[PDB]
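In: Just need the structure, nothing else, for what follows:
(3 chains, ligands or ions: 3)
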Amino acid sequence: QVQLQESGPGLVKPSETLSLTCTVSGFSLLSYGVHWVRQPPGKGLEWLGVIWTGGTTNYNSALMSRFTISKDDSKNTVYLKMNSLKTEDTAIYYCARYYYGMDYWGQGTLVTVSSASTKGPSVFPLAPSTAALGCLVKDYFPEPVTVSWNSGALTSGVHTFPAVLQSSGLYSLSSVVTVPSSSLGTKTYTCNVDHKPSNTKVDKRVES
Amino acid sequence: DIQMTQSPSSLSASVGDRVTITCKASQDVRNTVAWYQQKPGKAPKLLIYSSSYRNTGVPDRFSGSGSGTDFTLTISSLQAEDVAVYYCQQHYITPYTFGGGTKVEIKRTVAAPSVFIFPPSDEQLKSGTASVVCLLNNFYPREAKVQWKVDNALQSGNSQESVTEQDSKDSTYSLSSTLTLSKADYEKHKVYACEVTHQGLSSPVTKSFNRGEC
Amino acid sequence: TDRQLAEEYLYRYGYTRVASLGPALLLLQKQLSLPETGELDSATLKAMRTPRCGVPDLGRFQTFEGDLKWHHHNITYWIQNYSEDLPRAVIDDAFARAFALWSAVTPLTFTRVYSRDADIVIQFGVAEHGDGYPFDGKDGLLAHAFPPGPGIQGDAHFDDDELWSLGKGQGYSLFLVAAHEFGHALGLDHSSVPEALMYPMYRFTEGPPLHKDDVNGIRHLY
Ligand SMILES: [Ca+2]
Ligand SMILES: [Ca+2]
Ligand SMILES: [Zn+2]
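Out: Numbers count the residues shown, from 1 in each chain, chains lettered A, B, ... in the order given. Ligands and ions are numbered 1, 2, ... in the order given. Below, you will see the structure:
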């Protein structure tokens, strides 16, 4: 089973250097090329570069030679180093395997270029025939935030809304779920909030 | 550099309609064009490769054609799960540039929103700020008016909304509007109302609560 | 501008890293079966300018994956694109008659498919064409292929900066170059017998492309 995954710090400071590592499994970097693609949130995809099987690279001239790619075929890793980071570099970065098309992609990792310091969320219960309840993940930076319900159990009716930037400079979102109102005491509903850049997880149970 | 121009930048169609997206290349790019489908919060999926070949596990309704400078992606019978942004890319000459995307959305029947309101939690008030949230659940079309009324007095500039992307099963949207007052300003008033106007509601649905109770 | 021609030929095909230039020219003269004089004489220069396969003579492009031979016998190929120099049916056929040479002497069958899942993928391209291994323009090296294995391996590429033809007249025989390249795609390395198919330089021949050294070489494999 072919897999790719990006890892690296999300927050980086302007004019400093970013390093992402693409860890590959299920295929050989001796046999496939590996490409980097980025996408600013809500915008479209931009191609960054490629490292071919024999180790030569090619980079997008729009990146003013700030960006380089190396790999280790033994350890199944591809390395992206981009220095002199600008604000414009905030995006999701993907690594993808290319063979007549990018058929397998990483899950993408968000890289926020910012001087601001990281800050973890605060979780509050949204609590009041179908009933609705949820969680309010408030005042965190930078993105992303992961919200699951009942440790991954509850899936249908879950709506996690896009984040919102506030005059404080800190994001805020909400996850909700509609449930049968009969099952309000018979079952317990827990939201699991996961803001990794600050390394905080919170589980909140919601009731009247 | 080779430019790839996708048209249209978005389109709205119904289940069963046949959809056509194009992608023009600023210069000859042969057959080396691939189409990707990208669903929100997820990475792109290889859909078509070499102009006309269908990647493994891709339904027959997805089809690609074209060569040289003009390429077409066709969905012969659009299904509700096909909502996504669709990108084209050339891999004839570096940089392997992408098109700008084509957002495909669904037409469906009007579906009225289910409205809920959530008072601030006590844990939050123990910090000096109160967030009152209003929820419009699974409605269509996307356009909906949500205005807050505190003590029947219309509020402005102290809320902000957020809308999900079109659901891939029922083609509905969901929206949240969050009113944020300070603790002091929260306690100056009693009735907190959320009035919602939408095409599936013959008349505005209001959902409210009184502070010193709920 | 002749010593620089030699330094680039020797580097590209692997003699330089294995090795004054005398010693490296001696590795080349032996490997190509020329008079081993150790000098950049006329015959070595003639050879250095003859069109040939782009695959190195000592070493490889890179470290590949696996044991560089196919572990199944129903080999599937994909013709990914065509050159404008020949009708598609003529190109489809040249690749069929090129593969037939090899089935005629091995436990392998060649079945055409229409998928990037094929083991052998055939592709025409010019300069940089999607591998790390760009072609050189008109003449020089005419094609390259890769040892058996996953992904890029097993594939065969042809320099579309050349004029592709079949029999006599102008241009390089797509049938003969393909037959050489499919040798690389089955596990063979270059031969040193001037009259073998896996000999790296291009020679137009009618009559049988395969030579004793090729059938023996393909056999210690399958
Ligand atoms: Ca292959
Ligand atoms: Ca050439
Ligand atoms: Zn060769």
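
In: which parts of stretch B:141-148 are buried?
Out: By neighbour count with 16 or more other CB atoms under 10 Å in any protein chain shown, stretch B:141-148 contains the buried residues B:141, B:144, B:146-148. Where you see a C-beta, it was placed from the backbone N, CA and C, and this is true even at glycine.

In: quick check: domain ranges of the chain?
Out: With no chain named, the answer covers chain A. Following curated CATH domains, one gets these domains for chain A: A:1-114, A:118-208.

In: oops, I was thinking of chain B
Out: What curated CATH domains lists as the domains of chain B is B:1-108, B:109-211.

In: right, is the last one up against chain A?
Out: Going back to what we said before, that points to domain B:109-211. Yes: shown here: domain B:109-211 in contact with chain A (CB under 8 Å from any CB of the partner chain) through B:114, B:116, B:118, B:120-121, B:123-124, B:127, B:131, B:133, B:135, B:137, B:160, B:162-164, B:174-176, B:178.

In: roughly how far is that domain from the heart of the chain?
Out: Per CA atoms, centre = their mean, to the nearest Å, the displacement of domain B:109-211 from the mean C-alpha position of its chain is 18 Å.

In: returning to what we had before: closest to residue C:24 out of the domains of chain B?
Out: Closest to residue C:24 of the domains of chain B is domain B:1-108 (CB to CB; 32.9 Å).

In: Output stretch C:11-27 in PDB with nothing but the alpha carbons.
Out: The C-alpha trace of stretch C:11-27 is given here as PDB (Å, rounded to 0.1, in the frame of the first residue of the first chain):
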ATOM      1  CA  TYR C  11      32.000  10.600 -18.200                       C
ATOM      2  CA  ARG C  12      28.500  10.000 -19.500                       C
ATOM      3  CA  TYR C  13      28.900   6.300 -20.100                       C
ATOM      4  CA  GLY C  14      30.800   5.500 -17.000                       C
ATOM      5  CA  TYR C  15      34.500   5.000 -17.900                       C
ATOM      6  CA  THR C  16      35.700   8.100 -16.000                       C
ATOM      7  CA  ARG C  17      34.500   7.200 -12.500                       C
ATOM      8  CA  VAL C  18      35.700   3.600 -13.000                       C
ATOM      9  CA  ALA C  19      39.100   4.900 -14.000                       C
ATOM     10  CA  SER C  20      45.700  11.000 -17.800                       C
ATOM     11  CA  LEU C  21      42.700   9.800 -19.800                       C
ATOM     12  CA  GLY C  22      44.800   7.000 -21.100                       C
ATOM     13  CA  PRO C  23      43.500   4.500 -18.600                       C
ATOM     14  CA  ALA C  24      39.900   5.500 -19.200                       C
ATOM     15  CA  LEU C  25      40.300   5.400 -23.000                       C
ATOM     16  CA  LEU C  26      41.700   1.900 -22.400                       C
ATOM     17  CA  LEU C  27      38.500   0.800 -20.600                       C
END
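
In: which residues are contacting that stretch?
Out: C:3, C:6-7, C:10, C:28, C:31, C:36, C:38-40, C:44, C:54, C:56-59, C:200 (CB atoms under 8 Å, 6 or more residues apart in numbering or on different chains).

In: Give me the buried subset of those residues.
Out: Counted by 16+ other CB under 10 Å, these give C:6, C:10, C:28, C:31, C:38, C:40, C:44, C:54, C:56-58, C:200 as buried.

In: Might you specify the subset of those residues located within helices?
Out: Using DSSP state H, C:6, C:10, C:28, C:31, C:44 are the members of those that sit in helices.

In: can you tell me which of those residues are up against ligand 1?
Out: The subset of those within reach of ligand 1, counting by CB under 5 Å from the ion, is empty.

In: nearest to ligand 3, of those residues?
Out: Ranked by distance to ligand 3 (CB to the ion), these are led by residue C:31 at 12.3 Å.

In: contacting residues for residue A:72?
Out: Here residue A:72 is in contact with residue A:79 (criterion: CB under 8 Å, 6+ apart).

In: and it, how far is that from residue A:19?
Out: Distance of residue A:72 to residue A:19, computed by CB to CB, to the nearest Å: 14 Å.

In: can you list residues touching both of the two?
Out: Common contact partners of residue A:72 and residue A:19 (CB under 8 Å, 6+ apart): residue A:79.

In: related to what we said a few turns ago, are any of the residues of domain B:109-211 next to chain A buried, and if so which?
Out: B:114, B:116, B:118, B:120-121, B:124, B:131, B:133, B:135, B:137, B:162, B:164, B:174-176, B:178.

In: and the most centrally placed residue in chain B, which of the three is it?
Out: Residue closest to the mean C-alpha point of chain B, counted by CA atoms, centre = their mean, is residue B:165 at 2.6 Å. Put simply, residue B:165 is coil when judged by DSSP: H, G, I helix; E, B strand; the rest coil.

In: Contact partners for residue 130?
Out: Just going to use chain A. A:178-181, B:114.

In: oops, I was thinking of chain C
Out: For residue C:130, the contacting residues are A:33, B:91, C:123, by CB under 8 Å, 6+ apart.

In: I'd like the list of these that fall within helices, please.
Out: Going by DSSP H, the helices hold none of these.

In: Which one of the residues you listed sits in the busiest neighbourhood?
Out: With neighbours taken as other CB atoms under 10 Å in any protein chain shown, the top of the contacts of residue C:130 is residue B:91, carrying 24 neighbours.

In: Mind putting the ones in helices among the buried ones among the contacts of stretch C:11-27 into a markdown table with distance to residue A:108?
Out: As requested, these are arranged in a markdown table below (distance: CB to CB, whole Å):
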| residue | distance to residue A:108 |
| --- | --- |
| C:6 | 49 |
| C:10 | 45 |
| C:28 | 49 |
| C:31 | 48 |
| C:44 | 54 |
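
In: how about the residues you listed, which pair is most distant?
Out: Based on CB to CB, the longest span within these runs between C:6 and C:31 and measures 14.4 Å.

In: Residue A:199: what's it in contact with?
Out: Residues near residue A:199 by CB under 8 Å, 6+ apart: residue A:120.

In: tell me the phi and psi of it?
Out: Residue A:199 adopts backbone torsions of phi 60, psi 50, taken as degrees, to the nearest 10.

In: before we move on, what about residue C:217?
Out: Torsion angles, degrees, to the nearest 10, at residue C:217: phi -70, psi -40.

In: before we move on, what SS does the closest residue to residue B:99 other than its chain neighbours have?
Out: Closest residue in space to residue B:99, ignoring its immediate chain neighbours: residue B:6 at 3.6 Å, by CB to CB, 6 or more residues apart in numbering or on different chains. Look at residue B:6: counting by three-state DSSP, its state is strand.

In: what does chain B put close to chain C?
Out: Within chain B, the residues that sit near chain C (CB under 8 Å from any CB) are B:30-31, B:49-50, B:53, B:56, B:91, B:93-94.

In: same thing with chain A?
Out: Residues of chain A lying near chain C by CB under 8 Å from any CB: A:27-28, A:30-33, A:52-56, A:58, A:73, A:99-101.

In: ChimeraX command to pick out the buried ones of those residues?
Out: Filtering these down to the buried ones (16+ other CB under 10 Å) takes a single ChimeraX command:
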select /A:27,28,30,31,32,33,52,53,58,73,99,100,101
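
In: which of the residues of chain A next to chain C are close to chain B?
Out: Contacts with chain B within those, counted by CB under 8 Å from any CB: A:58, A:100-101.

In: with these in mind, which one is nearest to ligand 2?
Out: Of all these, ligand 2 sits closest to residue A:58, with 20.3 Å by CB to the ion.

In: Does the closest one touch residue A:47 like I think?
Out: No: between residue A:58 and residue A:47 there is no contact under CB atoms under 8 Å: 9.9 Å.
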